[PDB]
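K.L.:
Have a look at this one.
Nothing in this text is a laboratory measurement; each read-out follows from the coordinates by a stated rule. For neighbour counting, all protein chains shown are included, and Cβ atoms are generated from backbone atoms with ideal geometry for every residue, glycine included.
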Amino acid sequence: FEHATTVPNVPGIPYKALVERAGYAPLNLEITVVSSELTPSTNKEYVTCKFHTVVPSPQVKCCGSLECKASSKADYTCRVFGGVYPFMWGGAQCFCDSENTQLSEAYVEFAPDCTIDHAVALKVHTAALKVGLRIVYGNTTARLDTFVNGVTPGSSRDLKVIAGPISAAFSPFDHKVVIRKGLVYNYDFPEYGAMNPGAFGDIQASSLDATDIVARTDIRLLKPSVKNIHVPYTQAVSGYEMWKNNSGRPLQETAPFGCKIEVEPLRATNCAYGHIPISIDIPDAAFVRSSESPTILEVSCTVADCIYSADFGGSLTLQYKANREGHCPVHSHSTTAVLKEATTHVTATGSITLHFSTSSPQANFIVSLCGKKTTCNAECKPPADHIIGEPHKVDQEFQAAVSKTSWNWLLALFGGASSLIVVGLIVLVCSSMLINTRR
Amino acid sequence: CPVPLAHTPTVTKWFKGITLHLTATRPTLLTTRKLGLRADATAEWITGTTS
């Protein structure tokens, strides 16, 4: 037998439903989302870190000239200066006070500490949401991992299920992402090759060992003024470090919907948002026909004190009369009240106490026992606490969210005006008919 | 590496709201976020005792 439903995607909250197959006895169905994993598809644009500004040992053409070559280092920078006449600890280094050129050379490579200290730039696309479900029907309680897309079926032992598509697609990752040492950030890093000095991603490469590293750090060489040989240079600060300081908080503290971010691969677990349509083919073997199940004769509902809170702050009692000892399923046929227990051992005659939670100020909801329906009427007080360590297990609607006292006052106040305008129209019509008849 | 564990905060509840009394001899990070459409993410380094 195939059943369709729409389960709220809130990990840690059972959802209960009843399947009433006409031939068979009613069966319970409680569904829990044990875990979710929203994982996107990503491609690595580049990696970046602190550049090491390496400066090759300078060469001098002692009484001649030199020309700047065209190398393929990262941010490669070469200049030639005129007569320098350098000196060393050994002493003078050349024999021409003029035309004693020097060639200044500098470029960058990855710092030796970049192996651990580096950042990866990724792009994300549409993310596919995968869910692990624990689903119980009657006694069976198998689990299963499935993809929530509306197409791919999550075949289990025999329980077949299709889920989705998600009611509202959502992705915590913006279009561009950066992942550094576990932490995730949403930074619109500049594209590959578009290095700008002094900002994030000033040096980029396809991989740590890749030799085609490209960078633009605005390095510039100056004329050596002191007569000791040395090459001076000034360069913008490492934009990688600038970003590290101005990073802001990571996404583990900023992703919405209470989502716990994890890496390797990039993913978003336990993310509570939207509704998941689930269609499930429960096998008929677990079904039991009503000729063998106990059909109860008479049940009534008496509700104790109740309170509307996330916790199970409501209690009630069922006085029942049935025809056999068995395992009838109990259920709530309202969206604003959910019971705790599902199956109760039922006798020929007796009573059962149950717990429930509601969101509505009044419990005005139908309880069903093995198909027999009875209306519970109650009046739940406001909760005494202010904060709980549990999530609210049931949504709060509008219709069953105002007490019948308020409802009666509102309906009286509106019905007064409605009846008054109706009576006024009727009076005008009647006056016209009386004038016409006695004219 | 070992890292310290801050003094456990004292939580005072109130209607749609909480109050953390905090004590931290050294700068401790406090990070809060909502579980809805808007993160409303907040970060603050706190020293001393405050609310």
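K.L.:
Would you look at the GNM of chain A, springs on alpha carbons closer than 10 Å, and say which of A:426, A:278, A:229 moves the most?
P.N.:
The residue with the greatest mean-square fluctuation here is A:426.
K.L.:
Let me ask you something else. What residue among A:293, A:15, A:68 has its Cα farthest toward the positive end of the dipole of the protein assembly as shown, where the charges are +1 on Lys, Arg and -1 on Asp, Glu, each on the Cβ?
P.N.:
It is A:293, whose Cα lies furthest towards the positive end.
K.L.:
Long-range amide H contacts for residue A:278: which residues qualify at under 5 Å (H placed 1.01 Å from N, peptide plane, sequence gap of 5 or more or a different chain)?
P.N.:
Residues meeting the amide H criterion: A:5, A:6, A:7, A:164.
K.L.:
If you don't mind, there's one more thing I want to ask. Whole angstrom only: what separates the Cα centroid of the range A:33-62 from the Cα centroid of the range A:249-270?
P.N.:
Centre-to-centre distance over Cα atoms comes out at 22 Å.
K.L.:
Could I ask something else about it? Which number do you get for Rg(Cα) / (2.2 N^0.38 Å) in the range A:168-294? Working shown, then result.
P.N.:
Working: Rg = 26.9 Å, N = 127, 2.2 N^0.38 = 13.9 Å.
Compared with the compact-globule rule of thumb, the range A:168-294 sits at 1.94.
K.L.:
Is there a quick way to get the dipole size of the protein assembly as shown? I mean about its Cα centre, with the Cβ of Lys and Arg at +1 and of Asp and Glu at -1; what is the value in debye to the nearest 20? Could you put the intermediate results ahead of the total?
P.N.:
Working: 42 positive and 41 negative charges, 222 e Å.
Once rounded to the nearest 20, the dipole reads 1060 debye.
K.L.:
Need one number for the range A:82-215: average projected area of the convex hull over its C-alpha atoms, nm².
P.N.:
Numbers: hull surface 62.7 nm².
Directional mean of the projected Cα hull area for the range A:82-215 stands at 15.7 nm².
K.L.:
Limiting things to C-alpha atoms, what are the Rg and the maximum Cα-Cα separation (Dmax) for the range A:215-355, in angstroms?
P.N.:
34.4, 111
K.L.:
Next question, about the same structure. Helix-only estimate, please: 222 nm mean residue ellipticity of chain A, summing -39500 (n - 2.57) across DSSP H runs of length 4 or more and dividing by its residues, to the nearest 500. Each step should come with its number before you reach the end.
P.N.:
On the way: 2 runs with 41 residues, N = 439.
Calculated at 222 nm, the ellipticity per residue is -3000 deg cm²/dmol.
K.L.:
For chain A, what proportion of DSSP beta bridges, expressed in % and rounded to the nearest 5, is antiparallel?
P.N.:
So the antiparallel bridges amount to about 95 percent of the total.
K.L.:
State whether the range A:158-200 is rounded, prolate or oblate according to the following rule on the C-alpha gyration tensor (a ≥ b ≥ c being the square roots of its eigenvalues): a/c under 1.5 gives rounded; otherwise a/b larger than b/c gives prolate, and the remaining case gives oblate.
P.N.:
prolate
K.L.:
Report the local net charge at residue A:208: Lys and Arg +1, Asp and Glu -1, summed over other residues whose C-beta lies under 15 Å from its C-beta.
P.N.:
Working: positive: A:44, A:50, A:180, A:181; negative: A:45, A:109, A:113, A:117, A:209, A:212.
Residues near residue A:208 contribute -2 overall.
K.L.:
Here is a further query. Just A:276, A:219, A:388 to compare: in a GNM of chain A, with alpha carbon springs under 10 Å, which one fluctuates most?
P.N.:
A:388
K.L.:
So, one more: Under a 10 Å cutoff between Cα atoms, tell me which one of A:335, A:347, A:101 has the largest fluctuation in the Gaussian network model of chain A.
P.N.:
Most flexible of the set in this elastic network: A:101.
K.L.:
Suppose we keep just the alpha-carbon trace of chain A; what are its Rg and Dmax in angstrom?
P.N.:
37.9, 139
K.L.:
In percent, what relative contact order does chain A have, based on Cα pairs under 8 Å that are 6 or more apart in sequence?
P.N.:
Numbers: 984 pairs, mean separation 69.0, N = 439.
It rounds to 16 percent for chain A.
K.L.:
Counting only other residues whose beta carbon sits under 13 Å from that of residue A:372, what net charge do I get with K and R as +1, D and E as -1?
P.N.:
Details: positive: A:321, A:373; negative: A:20, A:298.
Net local charge, residue A:372 excluded: 0.
K.L.:
Hey, another quick one. From the P(r) of the range A:238-295, can you give the percent of Cα pairs sitting at distances over 12 Å? Before the final figure, lay out each step's value.
P.N.:
Working: 1324 of 1653 pairs.
Pairs farther apart than 12 Å: 80 percent.
K.L.:
Would you mind counting up the charge near residue A:77? Only other residues with Cβ under 11 Å from its Cβ, with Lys and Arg at +1 and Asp and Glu at -1. Write out the running numbers ahead of the final one.
P.N.:
Values: positive: A:73, A:79, A:216, A:220; negative: A:75, A:105, A:218.
In short, +1.
K.L.:
For a bin width of 10 Å, list the pair-distance distribution of the range A:1-139 built from all Cα-Cα distances, rounded to whole %.
P.N.:
Using 10 Å bins, I get a P(r) of 9, 18, 14, 12, 10, 8, 8, 8, 6, 4, 2, 0 for the range A:1-139.
K.L.:
A further question follows. Please work out the Kirkwood hydrodynamic radius for the range A:51-132, using every pair of different C-alpha atoms, and report it in angstroms with one decimal place.
P.N.:
Numbers: mean 1/r = 0.0599 Å⁻¹.
Hydrodynamic radius (Kirkwood, Cα pairs) of the range A:51-132 is 16.7 Å.
K.L.:
Now for a separate question. Rg/Rh for the range A:376-439: what does it come to with C-alpha atoms and Rh from Kirkwood? The partial results should precede the final answer.
P.N.:
Values: Rg = 23.2 Å, Rh = 16.7 Å.
Here the Rg-to-Rh quotient is 1.39.
K.L.:
OK, next. Picking from A:28, B:35, A:358, whose Cα lies most toward the positive end of the charge dipole for the protein assembly as shown (charges on Cβ: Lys, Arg +1; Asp, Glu -1)?
P.N.:
Going by the charge dipole, the pick is A:358.
K.L.:
What distance in nm separates the two pseudo spin-label positions at residue A:292 and residue A:113, each 7 Å out from Cα along the beta-carbon direction?
P.N.:
Here the modelled spin labels are 7.3 nm apart.
K.L.:
Please work out the C-alpha center-to-center distance from the range B:1-38 to the range A:307-337 and express it in whole Å.
P.N.:
Value for the Cα centre distance between the two parts: 39 Å.
K.L.:
Using a 10 Å cut-off around each Cβ of peptide A:253-262, what is the average number of partner chain Cβ atoms that fall inside?
P.N.:
Working: counts 8, 7, 3, 9, 7, 5, 3, 0, 0, 0.
Mean shielding count: 4.
K.L.:
Oh, and also: Give me log10 I(q)/I(0) at q = 0.17, 0.18, 0.19 Å⁻¹ for chain B, Debye formula, one equal scatterer per alpha-carbon, no solvent.
P.N.:
Calculated log10 I(q)/I(0) at the listed q: -0.65, -0.71, -0.78.
K.L.:
Could I ask something else about it? Relative contact order for the range A:330-409: what percent, with Cα pairs under 8 Å and sequence separation of 6 or more?
P.N.:
On the way: 108 pairs, mean separation 26.0, N = 80.
In percent, rounded to a whole number, it is 33.
K.L.:
Shifting gears a bit: With an 8 Å Cα cut-off and a minimum separation of 6 or more residues, compute the relative contact order for the range A:114-258 in percent.
P.N.:
Working: 218 pairs, mean separation 25.2, N = 145.
Computed value for the range A:114-258: 17 percent relative contact order.
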